[PDB]
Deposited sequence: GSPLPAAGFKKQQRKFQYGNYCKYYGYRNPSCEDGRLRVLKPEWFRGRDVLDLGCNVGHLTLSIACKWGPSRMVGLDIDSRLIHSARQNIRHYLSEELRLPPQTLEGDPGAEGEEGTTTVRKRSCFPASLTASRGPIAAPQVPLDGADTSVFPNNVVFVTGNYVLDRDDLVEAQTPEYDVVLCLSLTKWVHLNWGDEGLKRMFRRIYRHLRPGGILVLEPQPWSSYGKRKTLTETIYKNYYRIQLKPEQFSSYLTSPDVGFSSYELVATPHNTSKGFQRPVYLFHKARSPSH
């Protein structure tokens, strides 16, 4: 469970997230896990498109089986209403090179990156996390928002001995959680502004 990839059930987060951010918008949920939040938002708040992405296919299978527990669209040609507005995909959001990140064209209005930063940081280092952040920016359409819930540096130490890669990265990291807001709003990423809503932040892409 080196990617934090075990089945996590909590959702209290819907009290902090605002429905207006999601209604009629295209949403990408990074590290969706078993997709309880993906399904709750997709159902309760009507996004036009909701995609849940996770590296672990066992979580994606479970997420797809969970659709039945949440159960109206007119038929298959109507993808505007739950359950026809949600899909799950297995994949690593972290691209290998910077030239690959630059090939990403916009597709979403909202990107949810909740409790993911630590797992990405430990497994793929500063380089990998910078690439995830830059990809989120490039994937968002002008006017888009990134919902970020990062883990504090204090959380990194515990289980730094999971992998040899995780250990080498824990001692090589220079971009610390406390510096994430400044990095995301820098020319390296591009976000125009940020705000505070673990703590939850909103990063804005210029219209």
Unmodelled intervals of the deposited chain, in order: 1-15, 26-33, 95-141, 268-278, 289-292
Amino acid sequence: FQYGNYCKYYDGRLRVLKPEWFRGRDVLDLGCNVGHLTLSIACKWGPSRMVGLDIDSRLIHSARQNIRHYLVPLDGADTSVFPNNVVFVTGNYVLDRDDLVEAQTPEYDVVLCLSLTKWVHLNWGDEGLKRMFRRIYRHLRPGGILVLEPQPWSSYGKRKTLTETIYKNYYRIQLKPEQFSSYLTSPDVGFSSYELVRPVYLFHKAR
From here on, numbers count along this sequence of modelled residues.
Comparing 124-132 with 87-95, the one whose average Cα B-factor in the PDB entry is higher: 124-132
Selected stretch [higher average CA B-factor]: 51-59 or 168-176: 168-176
Of the residues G46, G157, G31, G144, the one carrying the largest Cα B-factor as recorded: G157
Entry-reported Cα temperature factor of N66, expressed as the chain third it lands in: middle
Third of chain Cα B-factors occupied by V27: lowest
Assigned third (lowest, middle, highest) for the C-alpha B factor of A42: lowest
